[PDB]
file query-v8.pdb (PDB, C-alpha atoms (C1' of nucleotides))
ATOM      1  CA  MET A   1      -0.465   0.136 -28.704  1.00  0.00           C
ATOM      2  CA  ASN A   2      -1.384   0.792 -25.070  1.00  0.00           C
ATOM      3  CA  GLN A   3      -5.117   1.588 -25.224  1.00  0.00           C
ATOM      4  CA  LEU A   4      -7.972  -0.386 -26.768  1.00  0.00           C
ATOM      5  CA  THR A   5     -11.281   1.397 -27.370  1.00  0.00           C
ATOM      6  CA  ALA A   6     -14.412  -0.520 -28.357  1.00  0.00           C
ATOM      7  CA  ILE A   7     -18.000   0.582 -28.972  1.00  0.00           C
ATOM      8  CA  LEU A   8     -20.691  -1.798 -27.726  1.00  0.00           C
ATOM      9  CA  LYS A   9     -24.229  -2.167 -29.061  1.00  0.00           C
ATOM     10  CA  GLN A  10     -27.013  -3.589 -26.904  1.00  0.00           C
ATOM     11  CA  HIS A  11     -29.386  -6.286 -28.135  1.00  0.00           C
ATOM     12  CA  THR A  12     -31.280  -7.167 -24.936  1.00  0.00           C
ATOM     13  CA  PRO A  13     -31.934  -5.047 -21.823  1.00  0.00           C
ATOM     14  CA  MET A  14     -29.537  -5.945 -19.023  1.00  0.00           C
ATOM     15  CA  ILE A  15     -30.962  -6.653 -15.565  1.00  0.00           C
ATOM     16  CA  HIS A  16     -28.903  -4.302 -13.388  1.00  0.00           C
ATOM     17  CA  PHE A  17     -29.071  -4.125  -9.591  1.00  0.00           C
ATOM     18  CA  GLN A  18     -27.506  -0.633  -9.405  1.00  0.00           C
ATOM     19  CA  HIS A  19     -29.930   1.146 -11.746  1.00  0.00           C
ATOM     20  CA  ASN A  20     -30.231   4.135  -9.387  1.00  0.00           C
ATOM     21  CA  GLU A  21     -27.099   5.831 -10.724  1.00  0.00           C
ATOM     22  CA  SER A  22     -27.541   7.604 -14.051  1.00  0.00           C
ATOM     23  CA  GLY A  23     -24.209   6.212 -15.255  1.00  0.00           C
ATOM     24  CA  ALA A  24     -25.256   2.635 -14.547  1.00  0.00           C
ATOM     25  CA  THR A  25     -23.893   0.401 -17.309  1.00  0.00           C
ATOM     26  CA  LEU A  26     -22.140  -2.923 -17.813  1.00  0.00           C
ATOM     27  CA  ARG A  27     -19.915  -3.662 -14.821  1.00  0.00           C
ATOM     28  CA  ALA A  28     -16.255  -4.410 -15.516  1.00  0.00           C
ATOM     29  CA  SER A  29     -15.993  -6.535 -12.358  1.00  0.00           C
ATOM     30  CA  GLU A  30     -18.169  -8.985 -14.322  1.00  0.00           C
ATOM     31  CA  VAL A  31     -16.579  -8.650 -17.769  1.00  0.00           C
ATOM     32  CA  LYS A  32     -12.921  -8.942 -16.756  1.00  0.00           C
ATOM     33  CA  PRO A  33     -13.035 -12.342 -14.957  1.00  0.00           C
ATOM     34  CA  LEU A  34     -14.956 -13.883 -17.862  1.00  0.00           C
ATOM     35  CA  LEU A  35     -12.716 -12.237 -20.462  1.00  0.00           C
ATOM     36  CA  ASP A  36      -9.630 -13.549 -18.657  1.00  0.00           C
ATOM     37  CA  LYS A  37     -11.027 -17.088 -18.737  1.00  0.00           C
ATOM     38  CA  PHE A  38     -12.062 -16.690 -22.382  1.00  0.00           C
ATOM     39  CA  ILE A  39      -8.601 -15.523 -23.458  1.00  0.00           C
ATOM     40  CA  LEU A  40      -6.783 -18.216 -21.473  1.00  0.00           C
ATOM     41  CA  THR A  41      -9.130 -20.806 -22.976  1.00  0.00           C
ATOM     42  CA  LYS A  42      -8.470 -19.452 -26.474  1.00  0.00           C
ATOM     43  CA  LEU A  43      -4.709 -19.161 -25.921  1.00  0.00           C
ATOM     44  CA  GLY A  44      -4.521 -22.843 -24.978  1.00  0.00           C
ATOM     45  CA  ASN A  45      -6.719 -23.905 -27.921  1.00  0.00           C
ATOM     46  CA  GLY A  46      -9.691 -24.849 -25.756  1.00  0.00           C
ATOM     47  CA  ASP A  47      -7.688 -25.782 -22.640  1.00  0.00           C
ATOM     48  CA  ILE A  48      -7.195 -23.292 -19.816  1.00  0.00           C
ATOM     49  CA  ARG A  49      -4.008 -24.912 -18.470  1.00  0.00           C
ATOM     50  CA  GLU A  50      -2.085 -24.510 -21.736  1.00  0.00           C
ATOM     51  CA  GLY A  51      -3.442 -20.976 -22.039  1.00  0.00           C
ATOM     52  CA  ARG A  52      -2.192 -20.104 -18.565  1.00  0.00           C
ATOM     53  CA  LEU A  53       1.218 -21.522 -19.485  1.00  0.00           C
ATOM     54  CA  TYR A  54       1.154 -19.289 -22.568  1.00  0.00           C
ATOM     55  CA  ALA A  55       0.264 -16.263 -20.431  1.00  0.00           C
ATOM     56  CA  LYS A  56       2.864 -17.285 -17.847  1.00  0.00           C
ATOM     57  CA  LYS A  57       5.474 -17.536 -20.608  1.00  0.00           C
ATOM     58  CA  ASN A  58       4.961 -14.030 -22.013  1.00  0.00           C
ATOM     59  CA  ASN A  59       4.641 -12.357 -18.579  1.00  0.00           C
ATOM     60  CA  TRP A  60       0.920 -11.618 -19.070  1.00  0.00           C
ATOM     61  CA  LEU A  61      -0.244 -12.821 -15.638  1.00  0.00           C
ATOM     62  CA  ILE A  62      -0.746 -10.587 -12.615  1.00  0.00           C
ATOM     63  CA  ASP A  63       0.326 -13.563 -10.490  1.00  0.00           C
ATOM     64  CA  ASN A  64       2.152 -16.535 -11.993  1.00  0.00           C
ATOM     65  CA  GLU A  65       1.009 -18.845  -9.181  1.00  0.00           C
ATOM     66  CA  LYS A  66      -2.682 -18.898  -8.279  1.00  0.00           C
ATOM     67  CA  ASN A  67      -5.019 -16.834 -10.490  1.00  0.00           C
ATOM     68  CA  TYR A  68      -6.257 -16.571 -14.077  1.00  0.00           C
ATOM     69  CA  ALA A  69      -6.062 -12.767 -13.990  1.00  0.00           C
ATOM     70  CA  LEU A  70      -4.369 -10.980 -16.885  1.00  0.00           C
ATOM     71  CA  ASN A  71      -2.497  -7.691 -16.486  1.00  0.00           C
ATOM     72  CA  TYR A  72      -4.810  -5.188 -18.140  1.00  0.00           C
ATOM     73  CA  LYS A  73      -7.210  -2.464 -17.021  1.00  0.00           C
ATOM     74  CA  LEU A  74     -10.863  -2.507 -18.088  1.00  0.00           C
ATOM     75  CA  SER A  75     -13.316   0.402 -17.963  1.00  0.00           C
ATOM     76  CA  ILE A  76     -16.901   0.574 -19.239  1.00  0.00           C
ATOM     77  CA  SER A  77     -18.540   3.985 -19.583  1.00  0.00           C
ATOM     78  CA  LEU A  78     -21.642   5.557 -21.096  1.00  0.00           C
ATOM     79  CA  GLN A  79     -21.286   8.202 -23.795  1.00  0.00           C
ATOM     80  CA  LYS A  80     -24.934   9.329 -23.838  1.00  0.00           C
ATOM     81  CA  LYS A  81     -26.761   8.855 -20.536  1.00  0.00           C
ATOM     82  CA  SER A  82     -30.265   8.294 -21.968  1.00  0.00           C
ATOM     83  CA  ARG A  83     -31.564   4.835 -21.076  1.00  0.00           C
ATOM     84  CA  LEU A  84     -34.744   2.792 -21.381  1.00  0.00           C
ATOM     85  CA  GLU A  85     -36.015   1.110 -18.213  1.00  0.00           C
ATOM     86  CA  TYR A  86     -37.930  -2.154 -18.585  1.00  0.00           C
ATOM     87  CA  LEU A  87     -40.188  -3.990 -16.141  1.00  0.00           C
ATOM     88  CA  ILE A  88     -39.426  -7.673 -16.722  1.00  0.00           C
ATOM     89  CA  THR A  89     -41.951 -10.063 -15.168  1.00  0.00           C
ATOM     90  CA  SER A  90     -43.170 -13.609 -15.740  1.00  0.00           C
ATOM     91  CA  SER A  91     -46.839 -12.567 -15.450  1.00  0.00           C
ATOM     92  CA  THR A  92     -48.927 -10.703 -18.008  1.00  0.00           C
ATOM     93  CA  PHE A  93     -50.801  -7.605 -16.863  1.00  0.00           C
ATOM     94  CA  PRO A  94     -52.685  -4.732 -18.522  1.00  0.00           C
TER      95      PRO A  94
ATOM     96  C1'   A B   1      71.162  24.247  65.582  1.00  0.00           C
ATOM     97  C1'   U B   2      72.473  20.127  61.518  1.00  0.00           C
ATOM     98  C1'   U B   3      74.269  23.757  53.220  1.00  0.00           C
ATOM     99  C1'   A B   4      69.152  25.480  57.953  1.00  0.00           C
ATOM    100  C1'   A B   5      63.798  27.638  58.738  1.00  0.00           C
ATOM    101  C1'   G B   6      58.894  29.407  56.077  1.00  0.00           C
ATOM    102  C1'   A B   7      56.056  27.912  51.077  1.00  0.00           C
ATOM    103  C1'   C B   8      48.763  23.484  49.149  1.00  0.00           C
ATOM    104  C1'   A B   9      51.022  22.627  41.964  1.00  0.00           C
ATOM    105  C1'   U B  10      47.827  26.716  42.775  1.00  0.00           C
ATOM    106  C1'   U B  11      44.496  31.112  40.025  1.00  0.00           C
ATOM    107  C1'   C B  12      41.199  31.947  36.093  1.00  0.00           C
ATOM    108  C1'   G B  13      38.148  28.088  32.560  1.00  0.00           C
ATOM    109  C1'   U B  14      30.092  25.557  31.032  1.00  0.00           C
ATOM    110  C1'   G B  15      31.915  19.412  27.049  1.00  0.00           C
ATOM    111  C1'   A B  16      30.502  23.539  24.431  1.00  0.00           C
ATOM    112  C1'   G B  17      29.532  25.342  19.519  1.00  0.00           C
ATOM    113  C1'   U B  18      26.549  23.766  14.092  1.00  0.00           C
ATOM    114  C1'   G B  19      22.703  19.358  13.189  1.00  0.00           C
ATOM    115  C1'   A B  20      14.784  18.257  11.046  1.00  0.00           C
ATOM    116  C1'   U B  21      14.857  10.785  12.518  1.00  0.00           C
ATOM    117  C1'   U B  22      14.885  12.200   7.654  1.00  0.00           C
ATOM    118  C1'   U B  23      14.827  10.066   2.504  1.00  0.00           C
ATOM    119  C1'   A B  24      12.380   6.105  -0.977  1.00  0.00           C
ATOM    120  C1'   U B  25       7.489   2.996  -0.754  1.00  0.00           C
ATOM    121  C1'   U B  26      -0.311   3.180  -4.243  1.00  0.00           C
ATOM    122  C1'   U B  27      -3.809  -0.731   1.533  1.00  0.00           C
ATOM    123  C1'   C B  28      -3.087  -2.995  -2.929  1.00  0.00           C
ATOM    124  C1'   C B  29      -3.857  -7.964  -5.629  1.00  0.00           C
ATOM    125  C1'   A B  30      -8.045 -12.147  -7.173  1.00  0.00           C
ATOM    126  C1'   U B  31     -13.415 -12.402  -7.112  1.00  0.00           C
ATOM    127  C1'   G B  32     -20.206 -12.389 -11.976  1.00  0.00           C
ATOM    128  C1'   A B  33     -25.518  -9.533  -6.876  1.00  0.00           C
ATOM    129  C1'   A B  34     -25.803 -13.925  -8.651  1.00  0.00           C
ATOM    130  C1'   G B  35     -28.875 -19.268  -9.012  1.00  0.00           C
ATOM    131  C1'   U B  36     -33.620 -21.695  -9.786  1.00  0.00           C
ATOM    132  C1'   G B  37     -38.768 -21.539 -11.532  1.00  0.00           C
ATOM    133  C1'   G B  38     -43.260 -24.484  -9.485  1.00  0.00           C
ATOM    134  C1'   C B  39     -48.543 -26.263  -9.967  1.00  0.00           C
ATOM    135  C1'   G B  40     -53.033 -26.373 -12.564  1.00  0.00           C
ATOM    136  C1'   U B  41     -50.991 -32.882 -17.582  1.00  0.00           C
TER     137        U B  41
END
call {"tool": "encode", "arguments": {"input": "query-v8.pdb", "output": "structure tokens"}}
result
Amino acid sequence: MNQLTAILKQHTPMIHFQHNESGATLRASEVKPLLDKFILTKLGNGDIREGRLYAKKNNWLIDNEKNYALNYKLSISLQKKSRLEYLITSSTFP
RNA sequence: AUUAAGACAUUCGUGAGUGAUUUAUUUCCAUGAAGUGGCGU
């Protein structure tokens, strides 16, 4: 397999700084670095150094020398562009 | 007066004709617009 497709459900409203665009959704520049660390941690059974050695062994690293990055491409897109906008404050008001 | 005297190795003649500094090469790789509440006990 070359492509992985997943459908995400939202439980809490994300605080997004680029809400102006109608296609504003979860940013992959945030997901990918955390997912890379999560997978390397899981590959090494809770240790990121063993997990990097595992990824280094099976040629899964973009660079074998200095980064945790894994060689995959991540894209997050909206299917239906209808969204709910929330005002989140720490003060009650009518 | 003597196998002697006279006689430009010279005339004409394009280093010229054909020819792509071109072919191959991702300005790309890594990166959280995030962190924290405080006081009125």
call {"tool": "closest_residue", "arguments": {"input": "query-v8.pdb", "among": "A:8, A:62, A:24, A:1", "to": "chain B", "atoms": "only C-alpha atoms (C1' of nucleotides)"}}
result
A:62
call {"tool": "residues_around", "arguments": {"input": "query-v8.pdb", "residues": "residue 40 in chain A", "least_positions_apart": "2", "cutoff": "9 Å", "atoms": "all atoms listed in the file", "output": "VMD selection string"}}
result
chain A and resid 35 to 38 42 to 55 68 70
call {"tool": "resolve_selection", "arguments": {"input": "query-v8.pdb", "expression": "the PyMOL selection byres ((chain B) within 12 of (chain A))", "output": "PyMOL selection string"}}
result
chain B and resi 29-34+37
call {"tool": "axis_aligned_box", "arguments": {"input": "query-v8.pdb", "around": "range 42-58 of chain A", "padding_each_side": "6 Å", "output": "lines of an AutoDock Vina configuration file"}}
result
center_x = -2.1
center_y = -19.9
center_z = -22.9
size_x = 27.2
size_y = 23.8
size_z = 22.1
call {"tool": "atom_distance", "arguments": {"input": "query-v8.pdb", "atom1": "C1' of residue 35 in chain B", "atom2": "CA of residue 15 in chain A"}}
result
14.4 Å
call {"tool": "residues_around", "arguments": {"input": "query-v8.pdb", "residues": "residue 22 in chain A", "least_positions_apart": "2", "cutoff": "9 Å", "atoms": "all atoms listed in the file", "output": "list in words"}}
result
residues 19, 20, 24, 25, 81, 82 and 83 of chain A
call {"tool": "atom_distance", "arguments": {"input": "query-v8.pdb", "atom1": "CA of residue 72 in chain A", "atom2": "CA of residue 7 in chain A"}}
result
18.0 Å
